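Chains as they are written, first to last, in the entry's author numbering: chain A, 69 to 128; chain B, 70 to 128.
Where a beta carbon is used, it is the ideal one built from N, C-alpha and C, also for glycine.
This report refers to the structure that appears directly beneath it.
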Amino acid sequence: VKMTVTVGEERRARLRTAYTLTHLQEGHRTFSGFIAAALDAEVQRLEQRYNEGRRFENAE
Amino acid sequence: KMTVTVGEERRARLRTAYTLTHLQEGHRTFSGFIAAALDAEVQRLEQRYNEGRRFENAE
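Set out below in structure tokens:
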């Protein structure tokens, strides 16, 4: 069971820096929440572009 | 650290979205897709809060 995604050391550092400098303005209370919101926004964008705004079904 | 935590369900949604859209989105690997999504967010934040410049830690 995988609960993480690989980003790389440098990218994680860039994300931490971006978070520190912008999280109050963006309304994110934790780094975990910042990451979750960014990734969920991408999935939603792809649903809109390619799946008529509907959720994609996971493969059974 | 080289990873970020997303949780089991979110990882599954990311894998599904990647599988179904990667070719037209221009990503050859899942990690490339993840990197691009997160880099696009950092870039969006740079534009909004730092006039498009790279972020720097306070020293």
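| query | result |
| --- | --- |
| Residue 104(B) vs residue 111(A) beta-carbon contact at 9 Å | no |
| Contact check, residue 92(B) vs residue 107(A), beta carbons under 9 Å | no |
| Chain-ordered chain A contacts of residue 77(B) [CB-CB under 8 Å] | 69, 70 and 71 |
| Proximity test, Cβ basis, 9 Å: residue 82(B) and chain A | yes |
| 9 Å Cβ cutoff, residue 117(B) in contact with chain A | yes |
| Minimum Cβ-Cβ distance from residue 120(A) to chain B less than 9 Å | no |
| Beta-ladder partner(s) of residue 73(B), from DSSP | 73(A) |
| Segment limits, alpha helix (DSSP H) that includes residue 99(A) | 99-118 |
| Cβ shell of residue 96(A) (< 6 Å), same chain only, five flanking positions each side left out | 102 |
| Partner residues on chain A for residue 114(B), Cβ-Cβ distance less than 7 Å | 86 and 90 |
| Alpha-carbon to alpha-carbon, residue 98(A) and residue 88(A) | 10 Å |
| Cutoff 9 Å: residue 128(B) Cβ touching any chain A Cβ | no |
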